């Protein structure tokens, strides 16, 4: 009665059902509803998470247990990472457990890797598609993603499906050139009509023109020093710039120039966040600048209004979105996939 959906199976389901329309009509609505559902009864749906460092002498992994009990999506996400897993290349490893919302029976076990990357990319586009519609005329023709891996992949993939006619060049930036070139190839083979280039953080002058010709910038890095520099971004107010930052999850992690973060604060710009509580306790871009909850707006709240001059720096046309991750994202998207994935893309277990 349970289904084990592996990382490959998730990517299969997504690749088979992810289109511009599907994102707008199926995926995004579920995530928006989950984010709104969570915001209504936050402490009852996502109880305080349990974080425990490994009690094994041969491991530096920290295990975090994040339960989610929504009216419709019930379960638990357990993710684990740290130096050893990072150095070994495994990174954050774990799974998402989906339960019956009425009985509590085990219905699905997902691999958290792909699921986390997809829900994070769907959250980034949930705000991007709201502030910069795909019919907008103020979009520069290039996209720059700082980072590699599943996070950068799904961010690029989803954005290329949404802004197909407007994005012609994708620039992948990373600390090491190996994994960046690996992503450039995989994305190049998948999207033939898009030119994919890979740069190193030191190849400034070489990517700086591309960064100044970019309207969508993605932060998918575990950086402790800002990789997106204010002087590398377009400063023309006629063109809109939407920066979705997802990499930082600790106060010492930051991706966007702290001067720009302070400039946005002093200029009265509200930053888009997934959760004001978590971002002001986990996002170094906000923690190191002294941002307050009143100068923040949550993604679901962007769909409750149409006035967005509060989230835009009028001197440059720049908008900042910071995502830290929420278990409702994993549970609402995992429940959706579980109820629509075919047995060809799932390990169905009978008599569990």
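Positions refer to the first chain, counted from 1.
Trainee: Quick one: say whether 255 to 263 or 145 to 153 has the higher mean Cα B-factor in the deposited entry.
Mentor: Higher mean C-alpha B-factor: 255 to 263.
Trainee: Between 161 to 169 and 116 to 124, which has the larger average Cα B-factor in the PDB entry?
Mentor: Stretch with the greater average CA B-factor: 161 to 169.
Trainee: From 217, 106, 271, 78, pick the one with the largest CA B-factor in the entry?
Mentor: Across 217, 106, 271, 78, the entry lists the biggest C-alpha B-factor for 106.
Trainee: Highest CA temperature factor in the entry: which of 310, 37, 321, 54?
Mentor: It is 310.
Trainee: Once the chain's modelled residues are ordered by C-alpha B factor and cut into thirds, is residue 328 in the lowest, middle or highest one?
Mentor: For residue 328, whose C-alpha B-factor we compare with every modelled residue in the chain, the answer is the lowest third.
Trainee: Consider only the C-alpha atoms of the modelled residues in this chain, order them by B-factor as the entry records it, and name the third containing residue 301: lowest, middle or highest.
Mentor: Tercile = lowest for this residue's CA B-factor.
Trainee: Name the third of the chain's ranked CA B-factors that contains residue 27, choosing lowest, middle or highest.
Mentor: For residue 27, the deposited C-alpha B-factor lands in the middle third.
Trainee: Consider only the C-alpha atoms of the modelled residues in this chain, order them by B-factor as the entry records it, and name the third containing residue 205: lowest, middle or highest.
Mentor: Its C-alpha B-factor belongs to the highest third of this chain's values.
Trainee: Could you tell me which third, lowest, middle or highest, the C-alpha B-factor of residue 231 occupies within its chain?
Mentor: Answer is highest: the recorded C-alpha B-factor places it there.
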